[PDB]
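Below you'll find only one chain, the form deposited in one PDB entry, shown as structure tokens.
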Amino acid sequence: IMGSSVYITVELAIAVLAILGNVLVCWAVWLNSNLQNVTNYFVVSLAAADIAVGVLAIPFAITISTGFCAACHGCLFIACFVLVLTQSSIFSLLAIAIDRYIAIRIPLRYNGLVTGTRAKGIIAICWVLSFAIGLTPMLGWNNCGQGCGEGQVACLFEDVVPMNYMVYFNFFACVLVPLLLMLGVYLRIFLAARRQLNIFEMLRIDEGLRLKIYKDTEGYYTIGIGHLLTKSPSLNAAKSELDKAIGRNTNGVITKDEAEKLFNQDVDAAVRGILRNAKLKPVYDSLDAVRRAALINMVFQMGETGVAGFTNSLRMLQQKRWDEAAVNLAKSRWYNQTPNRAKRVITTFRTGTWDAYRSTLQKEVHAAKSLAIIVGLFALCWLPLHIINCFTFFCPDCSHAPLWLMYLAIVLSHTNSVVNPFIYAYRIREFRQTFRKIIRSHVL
């Protein structure tokens, strides 16, 4: 079997899978309303980039390898488009990555930051950037300012696209940097996923963390986790009290480190409050650190009068009757009014461990494994090819990778540029379910 014949065959087999698989992803997002959030706007956008990679880029990439005599600029144009379209995937994959970072690590600012308007804008930015970079060769940086006769060359990627372009501008800027950002995103999600738990993380999950001043339920300026600054209607008075509490000019913004110093002051304040209260003091003294955190949690929610309202349930906690206490607390107005928060706090009371709060993280251990898969593929599929280029460009004298290896590298580059949404999308239950619903219907 001819080598070239095996290349064209595998490459078109990829072309089709790309089309079929990614249509599938856009189909799912079209039916299921519950899939029509903003993340999936980035997913579809990649879906689409990848469809054009399958329908256009791959056929042009094949052409580029046959070496027929073409007008240099005609063959430059074909070459450029494959660069544009593969470029679009990479960046579009990166928007997906950055979308996830914000959704997992700064979830209280995600809506008012990645809205539908901005998403569509960011997609414009990706596509415009792809053209800018991929069309650069045509604006002059190319291999034919000065066999086949005059004006024509053998149509092969390396005959029209300069190797210094591909290494210095394209590799370093359009593969290495995107990859490196994706790596940092993965790692930072991972550290969030597997974070150590304590009273600070506990209340962040229940109340949120703000690093910037916001007006509250009833118009009062606040910061961190639940920290009232002033009742005064002035942002300027608010920031002034913030500076006095922190110890520098904030301009209304703090660090996570600093909001922990605040939270701890508020905790000390709740403990002092509890110690003065004769209905709570004994219950608090009898408990262990983690159940103490549960008791303090209720207080931050209801104040101390309210917590002292649970006479029966407080009694049972003092007598160490955990299951009997849990059931008692679950009958309240508190449970019915805010059930998620209460069930987590009641489990904490039942167990003396952080389990209820740990489970809240399993959805981001999920997200981190996904990013890991994407980034690992991405490195696998894009590096051999660009590493091959660098060796050719820096060390032209030295031993070559053999033909089948160099060509496999291209095949790999195009596999990632197609099967990327699908893996991300396949690992989500809501997608996986919709896939099944089409497959056992419109197909059959």
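We number the residues from 1 along the sequence you see. Rigid core: the largest C-alpha set superposing within 1.5 Å between the two forms.
- Coordinates are lacking for 4 to 9 deposited residues between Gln146 and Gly147.
- The question of which stretch, 197-205 or 171-179, has the higher mean Cα B factor is settled in favour of 171-179.
- As recorded in the PDB entry, 330-338 is the stretch of 330-338 and 78-86 with the greater mean C-alpha temperature factor.
- Going by the entry's values, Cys398 shows the largest Cα B-factor out of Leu408, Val53, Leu377, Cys398.
- Residue-level inspection of the entry shows that, of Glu158, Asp266, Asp243, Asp355, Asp243 has the top Cα B-factor.
- Per the PDB record, residue ranking by Cα B-factor puts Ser417 in the middle third of the chain.
- Ranked within its chain, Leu287 lands in the middle third, by CA B factor from the PDB record.
- Annotation for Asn37: C-alpha temperature factor in the highest third relative to the rest of the modelled chain, per the entry.
- Sort the modelled residues of the chain by CA B factor and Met138 lands in the highest third.
- Annotation for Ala57: CA B-factor lies in the lowest third of the chain's modelled residues.
Missing here is the form deposited in another entry; even so, the following discussion is about that form.
- The one residue among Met298, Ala368, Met316, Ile123 whose Cα position changes by 2 Å or more between this form and the one not shown, with the core held fixed by superposition, is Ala368.
- With the core held fixed, the Cα of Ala70 is displaced between this form and the one not shown by less than 2 Å.
- The Cα-Cα distance between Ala368 and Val114 is shortened by 3 Å or more in the other entry relative to the form shown here.
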